[PDB]
Amino acid sequence: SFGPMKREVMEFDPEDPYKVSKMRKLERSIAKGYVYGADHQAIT
Amino acid sequence: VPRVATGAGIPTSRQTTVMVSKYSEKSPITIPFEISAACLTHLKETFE
């Protein structure tokens with residue numbers, strides 16, 4: 001019973017595709033004070 | 001201006017207005033700084 005309760009936390013949270021990547025953008029700019037260049041649909 | 005003139009026939013240079021605008025100069029610097037994805041992986045994958 002504990003198995004699928006670790007599962008259905010994972011398989012029911014994500015609404016954004018690479019949800020970890022936006023969490024990387026949060027967990028850098030909080031450590032580093034609003035880093036520029038976070039939001040880019042482009043590749044430089 | 002420090003004004004002075006004199007003389008009997010010595011020509012008297014008139015008073016002087018001096019305004020000088022002197023600009024500043026920019027020099028934007030940059031040091032690069034590297035953090036690896038393997039460094040950022042351990043905070044953000046939460047192993048056992």
# chains A, B, ... in the order shown; residues from 1 in each chain; ligands from 1
>>> interface_residues(of="chain B", to="chain A", cutoff="12 Å", atoms="only C-alpha atoms", output="count of residues only")
9
>>> select_by_dssp(residues="segment 2-48 of chain B", states="helix (DSSP H, G or I)", output="list in words")
residues 37, 38, 39, 40, 41, 42 and 43 of chain B
>>> write_last_selection(atoms="N, CA, C and O atoms", output="JSON list (two decimals), in the first residue's frame")
[["chain", "number", "residue", "atom", "x", "y", "z"],
["B", 37, "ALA", "N", 26.43, 20.94, -14.03],
["B", 37, "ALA", "CA", 25.14, 20.28, -13.91],
["B", 37, "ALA", "C", 25.21, 19.12, -12.93],
["B", 37, "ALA", "O", 24.23, 18.82, -12.25],
["B", 38, "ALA", "N", 26.37, 18.47, -12.84],
["B", 38, "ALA", "CA", 26.56, 17.44, -11.82],
["B", 38, "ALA", "C", 26.61, 18.04, -10.43],
["B", 38, "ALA", "O", 26.28, 17.35, -9.45],
["B", 39, "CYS", "N", 27.03, 19.30, -10.31],
["B", 39, "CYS", "CA", 26.92, 19.98, -9.03],
["B", 39, "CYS", "C", 25.47, 20.29, -8.70],
["B", 39, "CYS", "O", 25.02, 20.08, -7.57],
["B", 40, "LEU", "N", 24.71, 20.76, -9.68],
["B", 40, "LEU", "CA", 23.32, 21.11, -9.43],
["B", 40, "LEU", "C", 22.39, 19.91, -9.36],
["B", 40, "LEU", "O", 21.24, 20.07, -8.94],
["B", 41, "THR", "N", 22.86, 18.72, -9.75],
["B", 41, "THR", "CA", 22.02, 17.53, -9.74],
["B", 41, "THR", "C", 21.70, 17.06, -8.33],
["B", 41, "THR", "O", 20.59, 16.59, -8.06],
["B", 42, "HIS", "N", 22.65, 17.20, -7.40],
["B", 42, "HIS", "CA", 22.49, 16.56, -6.10],
["B", 42, "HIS", "C", 21.50, 17.29, -5.20],
["B", 42, "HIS", "O", 20.79, 16.65, -4.42],
["B", 43, "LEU", "N", 21.41, 18.62, -5.31],
["B", 43, "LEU", "CA", 20.35, 19.36, -4.63],
["B", 43, "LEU", "C", 18.98, 19.04, -5.20],
["B", 43, "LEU", "O", 17.98, 19.19, -4.48]]
>>> atom_distance(atom1="atom CA of residue 34 of chain A", atom2="atom CA of residue 13 of chain A")
25.9 Å
>>> residues_around(residues="residue 3 of chain B", least_positions_apart="3", cutoff="10 Å", atoms="only C-alpha atoms", output="list in words")
residues 12, 13, 14, 15 and 16 of chain B
>>> write_last_selection(atoms="N, CA, C and O atoms", output="PDB file, in the first residue's frame")
ATOM      1  N   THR B  12      43.613  95.713 -23.158  1.00  0.00           N
ATOM      2  CA  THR B  12      42.868  95.139 -22.050  1.00  0.00           C
ATOM      3  C   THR B  12      42.009  94.001 -22.572  1.00  0.00           C
ATOM      4  O   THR B  12      40.995  94.239 -23.233  1.00  0.00           O
ATOM      5  N   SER B  13      42.406  92.769 -22.274  1.00  0.00           N
ATOM      6  CA  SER B  13      41.600  91.633 -22.682  1.00  0.00           C
ATOM      7  C   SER B  13      40.349  91.561 -21.820  1.00  0.00           C
ATOM      8  O   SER B  13      40.417  91.662 -20.591  1.00  0.00           O
ATOM      9  N   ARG B  14      39.207  91.403 -22.479  1.00  0.00           N
ATOM     10  CA  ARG B  14      37.905  91.497 -21.841  1.00  0.00           C
ATOM     11  C   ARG B  14      37.642  90.289 -20.939  1.00  0.00           C
ATOM     12  O   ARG B  14      38.409  89.325 -20.895  1.00  0.00           O
ATOM     13  N   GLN B  15      36.536  90.365 -20.202  1.00  0.00           N
ATOM     14  CA  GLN B  15      36.183  89.333 -19.241  1.00  0.00           C
ATOM     15  C   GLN B  15      35.797  88.037 -19.946  1.00  0.00           C
ATOM     16  O   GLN B  15      35.378  88.026 -21.106  1.00  0.00           O
ATOM     17  N   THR B  16      35.944  86.932 -19.222  1.00  0.00           N
ATOM     18  CA  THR B  16      35.922  85.605 -19.816  1.00  0.00           C
ATOM     19  C   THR B  16      34.909  84.722 -19.109  1.00  0.00           C
ATOM     20  O   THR B  16      34.890  84.657 -17.877  1.00  0.00           O
TER      21      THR B  16
END
>>> residues_around(residues="segment 18-26 of chain B", least_positions_apart="3", cutoff="12 Å", atoms="only C-alpha atoms", output="list in words")
residues 1, 2, 15 and 29 of chain B
>>> write_last_selection(atoms="N, CA and C atoms", output="PDB file, in the first residue's frame")
ATOM      1  N   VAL B   1      36.763  83.990 -13.850  1.00  0.00           N
ATOM      2  CA  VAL B   1      38.162  84.189 -14.211  1.00  0.00           C
ATOM      3  C   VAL B   1      38.800  85.285 -13.373  1.00  0.00           C
ATOM      4  N   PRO B   2      40.046  85.117 -13.005  1.00  0.00           N
ATOM      5  CA  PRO B   2      40.787  86.204 -12.372  1.00  0.00           C
ATOM      6  C   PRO B   2      41.122  87.291 -13.374  1.00  0.00           C
ATOM      7  N   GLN B  15      36.536  90.365 -20.202  1.00  0.00           N
ATOM      8  CA  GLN B  15      36.183  89.333 -19.241  1.00  0.00           C
ATOM      9  C   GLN B  15      35.797  88.037 -19.946  1.00  0.00           C
ATOM     10  N   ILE B  29      32.574  45.461 -16.506  1.00  0.00           N
ATOM     11  CA  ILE B  29      33.439  44.307 -16.365  1.00  0.00           C
ATOM     12  C   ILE B  29      32.578  43.059 -16.237  1.00  0.00           C
TER      13      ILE B  29
END
>>> atom_distance(atom1="atom CA of residue 4 of chain A", atom2="atom CA of residue 47 of chain B")
18.8 Å
